Structures are given as structure tokens and as C-alpha cells.
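A.B. asks: Below are the C-alpha cells for one structure; questions will follow.
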Amino acid sequence: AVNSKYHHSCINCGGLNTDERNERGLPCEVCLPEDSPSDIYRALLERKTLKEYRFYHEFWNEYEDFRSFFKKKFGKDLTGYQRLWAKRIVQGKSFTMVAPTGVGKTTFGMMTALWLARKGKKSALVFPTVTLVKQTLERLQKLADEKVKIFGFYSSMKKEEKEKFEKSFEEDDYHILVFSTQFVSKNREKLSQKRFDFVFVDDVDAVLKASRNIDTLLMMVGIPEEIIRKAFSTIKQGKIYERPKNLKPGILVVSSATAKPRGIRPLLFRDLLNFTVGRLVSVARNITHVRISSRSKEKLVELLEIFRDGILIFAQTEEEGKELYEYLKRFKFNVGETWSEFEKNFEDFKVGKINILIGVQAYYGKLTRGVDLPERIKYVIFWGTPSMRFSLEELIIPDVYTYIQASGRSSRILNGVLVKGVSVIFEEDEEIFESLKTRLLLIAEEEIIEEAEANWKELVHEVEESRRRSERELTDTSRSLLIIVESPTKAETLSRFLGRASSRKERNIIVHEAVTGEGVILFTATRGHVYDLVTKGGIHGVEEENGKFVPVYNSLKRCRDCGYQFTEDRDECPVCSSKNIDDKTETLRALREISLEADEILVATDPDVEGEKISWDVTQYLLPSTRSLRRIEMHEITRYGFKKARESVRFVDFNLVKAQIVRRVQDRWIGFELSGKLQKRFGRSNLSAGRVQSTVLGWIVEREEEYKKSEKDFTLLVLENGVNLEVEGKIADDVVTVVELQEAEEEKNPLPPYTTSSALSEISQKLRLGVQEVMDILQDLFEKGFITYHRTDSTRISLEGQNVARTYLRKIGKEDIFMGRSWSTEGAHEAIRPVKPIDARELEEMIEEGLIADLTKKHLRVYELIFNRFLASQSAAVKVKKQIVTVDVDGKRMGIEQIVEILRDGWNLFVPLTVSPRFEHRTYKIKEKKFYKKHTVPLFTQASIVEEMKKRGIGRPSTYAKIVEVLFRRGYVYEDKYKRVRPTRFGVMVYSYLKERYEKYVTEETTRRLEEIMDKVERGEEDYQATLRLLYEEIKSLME
Ligand SMILES: [Cl-]
Ligand SMILES: [Zn+2]
Ligand SMILES: [Zn+2]
Ligand SMILES: [Zn+2]
């Protein structure tokens, strides 16, 4: 622990508790002074301080009682899915059962109703078919005790049985009612006035047919009509409804959704019960993609003699399908078609009378999408790449989405085992194949291998082994995993490759649920930081106890209207008085309640110092609720990044946390003290936000004097059939004589890949953009899974990055110029590089075509520079011929070096290498003399300041862009026509006051030394408390 305090972290009183006790899982000193109690609940009870821990105590008791009852009557323990479902039942929550198909769904809801019946609560079970009503009734009465009241309603009942159901209904003398969806459709008003405690529906599509059916269920769980009218008016208006907290609804559970609720009516569940009817887009796929370079039927015949059984063939058009169906019928293949007798032929394929089925590639074709039997469909073959027609031209592009659907029919989660499938493409067109490969890489991150690198025997052995493992009864391994990030955009990228099935609205945040082979995966976004230092108390929010400093933190509040952020516990914004506050206290409370339901929790913030501090704040808060907390750092937001991050799962690195604390303290103490001294002088407030800001302003102010001092003389000479020459001073002669000419060969190496500083400088200069916007574009590209982590100080490139470079060069047929370079061996992160072998031109094509739609042209250009920078670093050295020409101008000898030829290509393909006209050993005439003055020391630009900051050891990748932009926001600097930064009159006299009284606390030497100290703290090489002592004495000198 880092010995800090948080203002709402106590799990029992909701008040202030220290860092250490939360880590140990204990309440604050006020609630329970004992460090090591036998039981926290009993100790709180004895001291008569038991306020909120009673809820968790009853929650675990209720869940354990539920699970105990399940094992007693079912005989088995709760699976991972049913473990999460049970933890929500005892909490009174309503949800959608997000899981693969199986008998575990109906059995759980049947067991849940029995458990509620044992508590005296009444339940209702709805089934699509009257047959399912009878079977579940049979399962109930076999297991239910004789005391339990179970009644049913279907069409073929006894006359006495129908009357005994109704009579038990009107007298309210029942515990479980088991009727079909037809009963709900025909008895809306009869159920509309009764309030049940649990409703289980097996088919959601029977209810989606009528909006009245949705309202009937909401009436059944105890929602007033006055609430429905306001909610329906809000959603039809396009907004989100807020519930009355005093409402006590029932429990609604949905089993499986075919996910076709086009109407707005299902969205009423999201606003009225905080759960989403799931559009189960399952991304759990394991498919090998192989391309065969021709459409030779002989190879197809040979391939089918290997695959033998369970084969689908997709033709582009019906005529091609008819030809293939006839061709394989003349040959002795058991084949069937789908375009005429779809129903009969597919059933023959299911049972085994047909080995091969032929269809047509439609985006939502019945064979392409409307079939689901992976246990039989093992191999999918495409007789041509599926394609679409894009815009009004005849331009033909691959239909990647149709390919993903058709190939996906061979792989899904079946009986808890994710089966393996094979997709084979017969494509003669190389360019169409290349277009599909990158499209599949962007969406599915799945490669396509060539024919010569595929072992058919091993692949089919893998296919049959996986299915034979799925068909036998499996031992459950499912776990419920929680993923916590801080950025909403990162969560959206996660939902694209994990697959958003359902979504829950938990107080201030939204939690999405997805199906994976390991079980259920939950993920949510924090929307920024959770804690920050309090403004008042002690030394500007830092207390002192036992000679050590304790930082005090409180939850962040962000006003949604004006955006002002503050830490004080206030109902309204202190600047604009609005009450539309993004309150992180509710975010923390939501995470604590989620931590109860999940088996495992992983914090996945950014992999830097700022992200690590956020991770510890969340983990220490969530520790009193669950002990299953760990940390993962993702360097790319992709499937590969998530897998690699989980493989390096670890605990919280406290050295990173302490580095953040000392960095924030330095800005707080130095800034507040300088702001106060500047407050009295120049009137305004918050004029200084750290030591680094003052130092950089000093560079800009003093640059004006030395820029003017450095004015030397130059003369522009344009020579006939030659380049322009800049010579010093006034040149009188009109003839330039070449006296020496040497021509040489060299191998020019490329520039290293981008770091945060180098990317900020080069991109800002070339795109005429400020360094703050470039940083934001870098952040978006990383958060959307296009580049590696953008806050980096290293040029290190891993073998995987080199592997990406080789893959692209192999694609473009220029594999020969590949040259793997690891660059630096030092560095926490890699350099800024693309994560997939896609260049900006292909990205722009898929943006113009709409495969992706949230990248602006500024994002494209920034990505283009990064991609070219990285591949230049991975390309072979360029061979060039140059010349060293010595010329005499006015008796002055001047040597010029210029590249004249490019003998061998290399990284010059990605970064252009300028050549110059060849020089001869003769005299040259001057056409024009452009006389002008240029200063030896040029002024500052935004790119140059960042470049100057790193070379001087000032600033960090997390601060470079921030430091520059703060000067503009304070009005200390401006930009002229040529985008040079220039100090304002206010900025000069602000720096003038500091440089004349407080140079010791502002000077560059102090800034660099403190930065190196804090970097040593980050590595754990210097003491955390000692560093704070040094900061205290420095500010205490000027405090008076
Ligand atoms: Cl065969
Ligand atoms: Zn307490
Ligand atoms: Zn053969
Ligand atoms: Zn406000």
C-alpha cells in the first residue's frame, strides 16, 4: 500500500478509510479498531457499529443458501454461468441469460422458482410450446415437495384440471404457475393486476410480437402504468428514462433471444429493469482459411476426397451452383442443392444422407446464415470470393461480412467446446484475394494461408477430435470475468472483437456481457479518473502523520454541461450551478456491486504511470468486496493485445503508483504556491501549474533576444541547370567556379521509428497541426486498435512488429527489401507502430466504402506517417551515389554534398529520398541573386519545443503536448502567420517576475534533476517518502 486515504472507501460506514485497511479488506478505524478480527461482521455487531456490512453478510448467506439448495435437488454444483445467475437472483436483479444453448438454462430457472417457492414467493414460467409446459411440469412435480403449489395451463388439459387452475388463481392460492405463451397472449389483463416475484421466459420471440405482451410482463413484475407512459414517451422521444428509486419491481429472466426485436418496445427493459434483450452476435470462432490459386475442378475433386463429409460449397451465382451440382453428380459424390428444394435437401444433409450441400452466396442467405449445426458442418468451400457491387460504377469489391457468416457456420461454441472449422477459397484473382485478406484482418484478425502451407490430414484430424470431445458430456470450466477500463472508446473496440451480447445499466456506468470459450466476460468503462487530491487540508491537501505524508483523495465530479471538474462533495456544479454531474462516487459504488457477481476481475487501464495509479485506486476500493483482483497491461486494443495482456497478468506495481503521487504533489505544491504569489501581482488565478511550464516559458521568452542577436548575412544563388546555393554575406562575383569534385557511394540507413516526442514533432510540422491535436489523434488511433501504445519513450521493436513488416512486404511482392531491426533494447513499451499489416491507402478505401466509418482524413494522414516511418525502419538500406563538390564564390571555398543517383531501392520506397542534379567541374553562371537575411538561431515552433524538451531531459511522453498547450490556454504565447510560437506581453512579464525572484525554484537545472529523481522513483531506485520531503522543504522556503 502507498499509505493514502480515500473519502468513500469504507465498506461498512461509507466514510473515510486508509489505503492499508482497504488493501487488507477491513473497514476504517472508527468502525473496527481491531487489526486482525476473527470475523469482521461479528466484531462490528459487538461494537454496535454495524451499518452496511450487514448487506454483504446477508448476500453471501443468501447466495450460499441458494447454491446449497441447487446441489441438494439437482445433485451437481452450479456452473460458471449459473454461478453468475444465482448471484444476481439473490440480489433481486433481472437479467438476460447470456450463454450457449443447453439444458442448463431451463433447469436453472426451474430450480430458481423452487427456491423462491420455498421462501413463499410466487413464480411464473412461460414456454413457447405447450409441450415444453408439460415436460417442465413433469420435471417440477418429480422434484418439488408435496407442499409446493404448482399449476399449469395448456390447450389439451382435463376439464377438472383447467377449472382447478383458475380457481387457484382467483384465490391467490398458488406458488408456481406454468403456462404457455398462448396464455400470456390471451390473458393479458388477468395477469396485469397480479404481482409476481419471478418470471422466466424461454422464448423471447413469442413476446416481441405484441407490444402489449411487453407491457404485460412489466405489469406482472410490479411497474405502475404511470411509469410505463412516461418511459414509452421518453424512448419514443429518443431519450433515456430514469426510474423512481422507490419502485420495487419483480425479477424478469430471458433464456435465449434470436435477436430480431426491431421495435423500440424491447428497449423498455433497458430503462425500466436495467438489462438489454441480447443481439447475440457470437464471435467465438476457430477457423483455418486456405486459398487455392485456381478453379480447377480436379483439385476440388481431390479436396472433396479428403474432406469426405460435412461439406458446404458456396457459389457466387445460381447458374454456377447448378453447374457444380451437375458436375459432382456425374462424378460419384453424394451432393444436394439448396436453391430449389432447400428444406428437403438440408434435412437429408443433417441426418447424413447427403455429404455435400451447394448454395448461393447471399448476405443473409438461408445456407449462409439461416442454418446452425456445427456438429455436421465441418468444412466450408467458396467457389469464388463473395463480392458486392459498390456505388454506381460496376466496381466490384469483396463482401467480407458475407464471407464471415458463411465460413462461421462451421465453428461455434457447442456443448461447452469451441469446435474447429476449415474454410477453403478457390480464387484465381490475386488482387481480389489480397483485398479480402486485409478485410478479414481488420474485422476478424484472421489470416489466410496458401495451399502449399496447409496439411489437410492434420486439419481434419483437429476437426474430428474437437467435435468428438464436444459430443461427450463435458466437465464445466466456465468462469465469469470482469474487465475494467477507463476509456469508453477502448470498451467499444473491445465489444467489437469480444462481441456485445447483452448490456446492463448499473447506476453511473454500463456493463456489457459477451460469450467466450472460457465462459462469460464482462467489461465496462470508467470514463476517466476516479480519485483526485482534495483541495483543502494540511499542505494543500496532504497531511502528515508519524513524520510521513499521507495523500488524501476524493471522488471526481465532472459537470456534463460546462465540463468543470471538482473534488468537493457537492450536489451542483460550483461554476454553472447545473446538477447534471458525472459523479464518480456512483461509479465506484457500481463497481463494488459488480465485484460481488463476478468470479474474477481484471483492471486493464493504460500501461503507464497514470494508468497504474487509476488501477490501484479501483483495486483498493474493490478489495473489501472480493479478493479476486489482478492487473493486465494492453499495448494494443486487439484480440492479440488482450491475449498477450492476460498472459502477463500481474499485481499492482506500487513503484508506478508512488511515481504518480510524487509527480502530482510536485505540480500541486509548486503550482499553488506560485499561483498564489502571481495571484497578488497580476490578479488572475492558477497562473502556474507546475515547474515544467515555467521553464518552457523561459525558453520562449529568452529566445526572442537570442533570435535577434543571431542575425547573420546570407545570399541566395540560383545556378543554371543546378540547385540553389545559400552563401554567407554579400557576394559580388557573378560566377561560381567548381574547383574539386568527388563522387562516392554510400548505404544510407533509415531513421528510427516514432516515439511520442518524434511523432509529435514530425507529424505536427508536416500536417500543420498543433501538438495537442496530434496527441489526441494518436490516442484515438491506439484506443481504436490501430497502433501500439502512443505514450512511449523507446524505439524498441519486437519480433512481432518485425513480423508485421515482413507480412506486408511479402504481400506487395517486395519481400526482398525486408530488413528486421530491433532498434533499442531499452524501453518499457515499443515504438509507435501499426499493429496490423494494413497501409493507409487500404484504410482509406475501406473508409470510402464504409467498412469502417469513424476515421477522419486527419486520422488517415497521421496513420500514414506512422506506417511509413515504421516500415522505413524495417526496410533495407538504400544504396546511393553522391558528390562532394567544392566551389569558389568570391574567393570563398564552400563544400556541398548532395545525392545524385539511387543505385538500389530500399526504405526510400516509404520515405522519399531527394536527389539533386549532377555537378560538373566547370564554371557556372548566376541567373539571380536573392538577397535576404536569415537568423542563425531560428524561433520556436510547437514541433521544436517538444524536440527541445526531450533533448534537454524536460517533460515526459504523458506531458509533452500538455505542456505546450497550457501556455496557449493561459495566453502566454501566440502563433504568427508561419506558425511560430511567440510570447505575449502578459507572458513575458509573468516570466519576468518569476525569473527575477524565483529562479531557484523555476530554473532548468532544478527541473531536470527533479524529473530524473521521479524517474528513479518510478523504477523504485529512490525513496518515495524522501522525495516528498525534498519537495516540502523547497516549497516551505517560499510558503511565507
Ligand atoms: Cl470421398
Ligand atoms: Zn467506517
Ligand atoms: Zn481423385
Ligand atoms: Zn457546470
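Ordering of the C-alpha cells sets the chain letters (A, B, ...), residue numbers begin anew at 1 in every chain, and ligands are numbered from 1 in the order given.
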Check which residues of chain A sit at most 7 Å from ligand 3 using only C-alpha atoms and all ligand atoms, and return one row each with the closest pair of atoms and their distance in Å to one decimal, ordered by chain and rising number, as CSV.
C.D. replies:
```
residue,atom,partner,partner_atom_place_in_ligand_line,distance
A:301,CA,ligand 3,1 (Zn),6.1
A:302,CA,ligand 3,1 (Zn),4.8
A:305,CA,ligand 3,1 (Zn),6.5
```
A.B. asks: Going by DSSP on the backbone, which residues of range 541-645 of chain A come out as helix (DSSP H, G or I)? List them as a CSV table (one decimal) with N, CA and C atoms, in the first residue's frame.
C.D. replies:
```csv
chain,number,residue,atom,x,y,z
A,584,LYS,N,-18.3,10.3,-9.8
A,584,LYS,CA,-17.6,9.0,-9.8
A,584,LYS,C,-17.8,8.2,-8.5
A,585,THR,N,-18.4,8.8,-7.5
A,585,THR,CA,-18.8,8.0,-6.3
A,585,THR,C,-19.8,6.9,-6.7
A,586,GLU,N,-20.8,7.3,-7.6
A,586,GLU,CA,-21.7,6.3,-8.1
A,586,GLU,C,-21.0,5.3,-8.9
A,587,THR,N,-20.0,5.7,-9.7
A,587,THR,CA,-19.2,4.8,-10.5
A,587,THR,C,-18.5,3.7,-9.6
A,588,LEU,N,-17.9,4.2,-8.5
A,588,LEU,CA,-17.3,3.3,-7.6
A,588,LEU,C,-18.3,2.3,-6.9
A,589,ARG,N,-19.5,2.9,-6.5
A,589,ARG,CA,-20.5,2.0,-5.9
A,589,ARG,C,-20.9,0.9,-6.9
A,590,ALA,N,-21.1,1.3,-8.2
A,590,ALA,CA,-21.5,0.3,-9.2
A,590,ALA,C,-20.4,-0.8,-9.3
A,591,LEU,N,-19.1,-0.4,-9.3
A,591,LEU,CA,-18.1,-1.4,-9.4
A,591,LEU,C,-18.1,-2.4,-8.3
A,592,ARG,N,-18.3,-1.9,-7.1
A,592,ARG,CA,-18.4,-2.7,-5.9
A,592,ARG,C,-19.5,-3.7,-6.0
A,593,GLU,N,-20.7,-3.3,-6.5
A,593,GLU,CA,-21.8,-4.3,-6.6
A,593,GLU,C,-21.5,-5.3,-7.7
A,594,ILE,N,-20.8,-4.8,-8.8
A,594,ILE,CA,-20.4,-5.8,-9.8
A,594,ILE,C,-19.4,-6.8,-9.3
A,595,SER,N,-18.5,-6.3,-8.5
A,595,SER,CA,-17.4,-7.2,-8.0
A,595,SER,C,-18.0,-8.4,-7.2
A,596,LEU,N,-19.2,-8.2,-6.6
A,596,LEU,CA,-19.9,-9.3,-5.9
A,596,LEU,C,-20.2,-10.5,-6.9
A,597,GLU,N,-20.7,-10.1,-8.1
A,597,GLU,CA,-21.3,-11.1,-9.0
A,597,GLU,C,-20.2,-11.8,-9.8
A,609,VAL,N,2.3,5.2,-16.1
A,609,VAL,CA,2.2,5.6,-14.7
A,609,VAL,C,0.8,6.1,-14.3
A,610,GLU,N,0.2,6.9,-15.2
A,610,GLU,CA,-1.1,7.5,-15.0
A,610,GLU,C,-2.1,6.4,-14.9
A,611,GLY,N,-2.0,5.4,-15.8
A,611,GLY,CA,-3.0,4.3,-15.7
A,611,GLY,C,-2.8,3.4,-14.5
A,612,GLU,N,-1.6,3.2,-14.1
A,612,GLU,CA,-1.3,2.3,-12.9
A,612,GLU,C,-1.9,2.9,-11.6
A,613,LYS,N,-1.9,4.3,-11.5
A,613,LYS,CA,-2.5,4.9,-10.3
A,613,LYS,C,-4.0,4.7,-10.3
A,614,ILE,N,-4.6,4.8,-11.4
A,614,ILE,CA,-6.0,4.5,-11.5
A,614,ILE,C,-6.3,3.1,-11.1
A,615,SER,N,-5.5,2.2,-11.6
A,615,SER,CA,-5.7,0.8,-11.3
A,615,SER,C,-5.7,0.5,-9.8
A,616,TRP,N,-4.7,1.1,-9.0
A,616,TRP,CA,-4.7,0.9,-7.6
A,616,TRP,C,-5.8,1.5,-6.9
A,617,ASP,N,-6.3,2.7,-7.3
A,617,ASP,CA,-7.5,3.3,-6.7
A,617,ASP,C,-8.7,2.4,-6.8
A,618,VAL,N,-8.9,1.7,-7.9
A,618,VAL,CA,-10.0,0.8,-8.1
A,618,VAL,C,-9.8,-0.5,-7.3
A,619,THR,N,-8.6,-1.0,-7.3
A,619,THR,CA,-8.3,-2.3,-6.7
A,619,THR,C,-8.5,-2.2,-5.1
A,620,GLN,N,-7.9,-1.1,-4.6
A,620,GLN,CA,-8.1,-0.9,-3.1
A,620,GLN,C,-9.5,-0.7,-2.7
A,621,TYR,N,-10.3,0.0,-3.6
A,621,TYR,CA,-11.7,0.2,-3.2
A,621,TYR,C,-12.5,-1.1,-3.3
A,622,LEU,N,-12.2,-2.0,-4.3
A,622,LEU,CA,-12.9,-3.2,-4.6
A,622,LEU,C,-12.4,-4.4,-3.7
A,639,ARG,N,-7.5,-8.4,-30.4
A,639,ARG,CA,-7.6,-9.8,-29.8
A,639,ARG,C,-6.2,-10.2,-29.4
A,640,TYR,N,-5.2,-9.9,-30.2
A,640,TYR,CA,-3.8,-10.2,-29.9
A,640,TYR,C,-3.3,-9.5,-28.6
A,641,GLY,N,-3.6,-8.2,-28.5
A,641,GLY,CA,-3.3,-7.4,-27.4
A,641,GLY,C,-3.9,-7.9,-26.1
A,642,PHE,N,-5.2,-8.3,-26.2
A,642,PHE,CA,-5.9,-8.8,-25.0
A,642,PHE,C,-5.3,-10.2,-24.5
A,643,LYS,N,-5.0,-11.0,-25.5
A,643,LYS,CA,-4.4,-12.3,-25.2
A,643,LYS,C,-3.1,-12.2,-24.5
A,644,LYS,N,-2.2,-11.3,-25.1
A,644,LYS,CA,-0.9,-11.1,-24.6
A,644,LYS,C,-0.9,-10.4,-23.2
A,645,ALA,N,-1.9,-9.5,-23.0
A,645,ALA,CA,-2.0,-8.8,-21.7
A,645,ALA,C,-2.4,-9.8,-20.6
```
A.B. asks: Counting only C-alpha atoms and all ligand atoms, what residues are within 8 Å of ligand 1, given as a PDB file with C-alpha atoms, in the first residue's frame?
C.D. replies:
```
ATOM      1  CA  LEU A 304     -13.529 -33.419 -51.503  1.00  0.00           C
ATOM      2  CA  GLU A 305     -11.978 -36.911 -51.396  1.00  0.00           C
ATOM      3  CA  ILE A 306     -10.023 -35.683 -48.377  1.00  0.00           C
ATOM      4  CA  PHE A 307     -12.841 -33.856 -46.575  1.00  0.00           C
ATOM      5  CA  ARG A 308     -15.386 -36.594 -47.452  1.00  0.00           C
ATOM      6  CA  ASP A 309     -18.273 -35.496 -45.228  1.00  0.00           C
ATOM      7  CA  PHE A 333     -20.389 -37.563 -54.979  1.00  0.00           C
TER       8      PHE A 333
END
```
A.B. asks: Just want the residues within 7 Å of ligand 4, written as a list in words, counting only C-alpha atoms and all ligand atoms.
C.D. replies: residues 559, 560, 561, 562, 563, 564, 573, 574, 575, 576, 577 and 578 of chain A
A.B. asks: Can you write just those residues out, C-alpha atoms, as a PDB file, in the first residue's frame?
C.D. replies:
```
ATOM      1  CA  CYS A 559     -20.221  18.670 -14.873  1.00  0.00           C
ATOM      2  CA  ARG A 560     -21.812  17.409 -18.080  1.00  0.00           C
ATOM      3  CA  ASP A 561     -22.876  20.905 -19.205  1.00  0.00           C
ATOM      4  CA  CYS A 562     -19.849  23.175 -18.732  1.00  0.00           C
ATOM      5  CA  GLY A 563     -17.305  20.396 -18.122  1.00  0.00           C
ATOM      6  CA  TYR A 564     -15.754  21.803 -14.944  1.00  0.00           C
ATOM      7  CA  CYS A 573     -21.619  22.434 -10.252  1.00  0.00           C
ATOM      8  CA  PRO A 574     -19.643  25.174  -8.435  1.00  0.00           C
ATOM      9  CA  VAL A 575     -19.210  27.171 -11.671  1.00  0.00           C
ATOM     10  CA  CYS A 576     -22.519  26.947 -13.561  1.00  0.00           C
ATOM     11  CA  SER A 577     -24.839  25.556 -10.812  1.00  0.00           C
ATOM     12  CA  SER A 578     -26.097  22.707 -13.013  1.00  0.00           C
TER      13      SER A 578
END
```
A.B. asks: Please check which protein, DNA or RNA residues sit within 8 Å of ligand 2, counting only C-alpha atoms and all ligand atoms, and write them as a ChimeraX atom specification.
C.D. replies: /A:10-17,27-32
A.B. asks: Nearest to residue 872 in chain A: which of A:833, A:857, A:186, A:962 is it, counting only C-alpha atoms?
C.D. replies: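 Under the stated criterion, the closest residue is A:833.
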A.B. asks: Write out as a PyMOL selection string the residues lying within 12 Å of residue 170 in chain A, counting only C-alpha atoms and excluding same-chain residues fewer than 4 positions away.
C.D. replies: chain A and resi 163-166+174+190-191+193-194
A.B. asks: Near residue 728 in chain A, counting only C-alpha atoms, which residues have an atom at most 10 Å away, once you skip same-chain residues fewer than 4 positions from it, shown as a list in words?
C.D. replies: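 Listed by chain and then number, they are residues 712, 713, 714, 715, 716, 889, 892 and 933 of chain A.
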A.B. asks: How about saving the chosen residues, N, CA and C atoms kept, as a PDB file, in the first residue's frame?
C.D. replies:
```pdb
ATOM      1  N   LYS A 712      22.747  36.913 -38.926  1.00  0.00           N
ATOM      2  CA  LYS A 712      23.892  36.914 -39.823  1.00  0.00           C
ATOM      3  C   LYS A 712      23.411  37.050 -41.265  1.00  0.00           C
ATOM      4  N   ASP A 713      24.365  37.223 -42.174  1.00  0.00           N
ATOM      5  CA  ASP A 713      24.064  37.552 -43.560  1.00  0.00           C
ATOM      6  C   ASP A 713      24.111  36.312 -44.445  1.00  0.00           C
ATOM      7  N   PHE A 714      23.150  36.222 -45.363  1.00  0.00           N
ATOM      8  CA  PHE A 714      23.059  35.127 -46.315  1.00  0.00           C
ATOM      9  C   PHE A 714      22.720  35.687 -47.688  1.00  0.00           C
ATOM     10  N   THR A 715      23.008  34.896 -48.720  1.00  0.00           N
ATOM     11  CA  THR A 715      22.691  35.270 -50.091  1.00  0.00           C
ATOM     12  C   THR A 715      22.253  34.033 -50.856  1.00  0.00           C
ATOM     13  N   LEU A 716      21.099  34.120 -51.511  1.00  0.00           N
ATOM     14  CA  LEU A 716      20.560  33.011 -52.286  1.00  0.00           C
ATOM     15  C   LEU A 716      21.068  33.114 -53.719  1.00  0.00           C
ATOM     16  N   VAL A 889      33.347  30.896 -54.442  1.00  0.00           N
ATOM     17  CA  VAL A 889      32.456  32.033 -54.642  1.00  0.00           C
ATOM     18  C   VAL A 889      33.083  33.231 -53.945  1.00  0.00           C
ATOM     19  N   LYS A 892      35.769  32.445 -51.686  1.00  0.00           N
ATOM     20  CA  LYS A 892      35.400  31.674 -50.508  1.00  0.00           C
ATOM     21  C   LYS A 892      35.151  30.231 -50.922  1.00  0.00           C
ATOM     22  N   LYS A 933      18.065  38.039 -45.322  1.00  0.00           N
ATOM     23  CA  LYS A 933      18.690  37.737 -44.043  1.00  0.00           C
ATOM     24  C   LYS A 933      17.900  36.642 -43.340  1.00  0.00           C
TER      25      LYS A 933
END
```
A.B. asks: Could you go through range 265-469 of chain A and tell me which residues DSSP, when run on the backbone, assigns to strand (DSSP E), listing them as an NGL selection string?
C.D. replies: :A and (287-292 or 311-315 or 335-337 or 356-360 or 379-383 or 387-390 or 395-398 or 413-414 or 417-418 or 421-426 or 448-450)
A.B. asks: Leaving out residue 515 in chain A and any residue of its chain fewer than 3 positions from it, which residues lie within 10 Å of it when counting only C-alpha atoms, given as number ranges by chain?
C.D. replies: A: 98-100, 280-284, 413, 480, 498-502, 518-522
A.B. asks: Which residues are near residue 711 in chain A? Cut-off 8 Å, only C-alpha atoms, ignore same chain within fewer than 4 positions. Put them as a PDB file with C-alpha atoms, in the first residue's frame.
C.D. replies:
```
ATOM      1  CA  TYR A 707      16.994  35.088 -32.107  1.00  0.00           C
ATOM      2  CA  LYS A 933      18.690  37.737 -44.043  1.00  0.00           C
ATOM      3  CA  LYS A 934      18.012  34.573 -42.047  1.00  0.00           C
ATOM      4  CA  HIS A 935      18.712  34.201 -38.336  1.00  0.00           C
ATOM      5  CA  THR A 936      21.233  31.550 -37.301  1.00  0.00           C
TER       6      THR A 936
END
```
A.B. asks: Between CA of residue 960 in chain A and CA of residue 1004 in chain A, what distance in Å does the model show, to one decimal?
C.D. replies: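 So the two atoms, CA of residue 960 in chain A and CA of residue 1004 in chain A, lie 15.6 Å apart.
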A.B. asks: Give me the residues within 10 Å of residue 1038 in chain A as a JSON list (two decimals) with C-alpha atoms, in the first residue's frame, counting only C-alpha atoms and dropping any in the same chain fewer than 4 places off.
C.D. replies:
```json
[["chain", "number", "residue", "atom", "x", "y", "z"],
["A", 670, "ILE", "CA", 4.77, 24.30, -6.84],
["A", 673, "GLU", "CA", 2.42, 28.46, -4.27],
["A", 674, "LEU", "CA", 3.44, 30.20, -7.50],
["A", 677, "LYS", "CA", 2.28, 34.71, -5.46],
["A", 998, "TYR", "CA", 12.10, 32.68, -8.00],
["A", 1001, "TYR", "CA", 12.51, 27.01, -7.99],
["A", 1033, "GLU", "CA", 11.46, 21.99, 2.11],
["A", 1034, "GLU", "CA", 11.69, 23.56, -1.35]]
```
A.B. asks: Work out how far CA of residue 551 in chain A is from CA of residue 5 in chain A, in Å to one decimal.
C.D. replies: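 Atom-to-atom, CA of residue 5 in chain A to CA of residue 551 in chain A, that is 6.3 Å.
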A.B. asks: Using only C-alpha atoms, pick whichever of A:71, A:806, A:270, A:159 has the shortest atom-to-atom distance to residue 838 in chain A.
C.D. replies: A:806
A.B. asks: Considering only C-alpha atoms, state which residue in the set A:663, A:1000, A:507, A:467 is at the smallest distance from residue 694 in chain A.
C.D. replies: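 That would be A:1000, the residue with the smallest distance to residue 694 in chain A.
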